[PDB]
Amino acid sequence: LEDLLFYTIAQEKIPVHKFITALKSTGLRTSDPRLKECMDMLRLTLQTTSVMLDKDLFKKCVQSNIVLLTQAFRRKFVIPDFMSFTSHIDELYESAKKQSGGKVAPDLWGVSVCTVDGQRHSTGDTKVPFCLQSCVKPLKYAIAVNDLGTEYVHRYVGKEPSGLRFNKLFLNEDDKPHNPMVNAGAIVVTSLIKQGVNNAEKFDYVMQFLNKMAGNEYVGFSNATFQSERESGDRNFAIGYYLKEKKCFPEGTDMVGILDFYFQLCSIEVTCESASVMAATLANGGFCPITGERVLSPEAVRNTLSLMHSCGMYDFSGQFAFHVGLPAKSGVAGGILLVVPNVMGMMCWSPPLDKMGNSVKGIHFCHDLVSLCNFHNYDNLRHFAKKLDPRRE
């Protein structure tokens, strides 16, 4: 298997740089956690002789990681021609870049891609930290369903868009918040997680869960955003008191403590790069693609994607489901967390928002992405007219 792969890259010896170039062109990064042993071995070899790899040295280096390297080089990844795909991503990025309207809650614009096989691409401002805000709502819902199951969670929150052209009603007709993607629903979801412990431990628990979803890439916290959310959270206090009065919380809930935790969760920071990996975990059935670790149950992921599909883009949710047909979640910092199930996760970020509250550039990019590729939920992988299918050669 090491030999087979040796011949593919070879003709007596392989220069190390040639192996690295070929590896990167598959879309994997040399820092990928699943390539740690291989890359450690290569570094050790460049020490123990001072740039050329025979059959035997090669086998020694790649043997621990041979399954993944074989899939990579045999073009078995979900997107086999990754270089051609990222060239299209860059063109969509540049086209969205020209849409400069909208209002910040301005010129920063980044897009990151992580496939379900861990292939990575970034364009623009993808290493700048920003708060998740409402992008965290699907993530904490997934955690709640993961730990508690669908039946328990949906005793407290509903499963459908309100329809009302406003977040204006807090409760559906059964006295539950409409869904986990609206503020009242996210507040109730927050109350379900890790009940019985203090806020510091609840927060640590959620942070550890997000670290795993992001394959240990950047997850941080903006104390400045937290302070500001809590000082202008009058609408959220209104929701909290309303839910308390209507008995919407689990028995023994400290409602004002839950609101504080809620503001903390909104203030969690990511980059486009780290958030794309979180989205890829959702695209990959709850397994983190760059570590192989099982993070969320399949039930948690399926429910989260269903509700992002119908409820994730504020009052634009219905239009977005129809035209784009992908589970997505927007936030006021300008983030759009986007999932292409079975294919990839993305995070798009540009601060200026349209009248609906959605990033202008991200919305434009999402429409162009589905115009180009047969990724709409109800596109037919068989016949798709003029679209490109990046899953094929």
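The first residue of the sequence shown is number 1, and the count goes up from there.
Per the record, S31 and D32 are directly connected, with no deposited-sequence residue omitted between them.
Count the deposited residues lacking coordinates between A22 and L23 and you get none at all.
Higher mean CA temperature factor between 197 to 205 and 313 to 321: 197 to 205, per the PDB entry. The mean C-alpha temperature factor is higher for 13 to 21 when 13 to 21 and 380 to 388 are set side by side. If you compare the C-alpha temperature factors of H121, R302, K168, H88 in the entry, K168 comes out highest.
Taking only the listed residues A105, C288, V153, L92, the entry reports the highest CA temperature factor at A105. When all modelled residues of the chain are sorted by CA temperature factor, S350 is found within the middle third.
Among the modelled residues of the chain, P129 sits in the middle third by CA temperature factor in this PDB entry. Among the modelled residues of the chain, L68 sits in the highest third by CA temperature factor in this PDB entry. Among the modelled residues of the chain, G215 sits in the middle third by CA temperature factor in this PDB entry. Among the modelled residues of its chain, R75 has a C-alpha B-factor that falls in the highest third, as given in the PDB entry.
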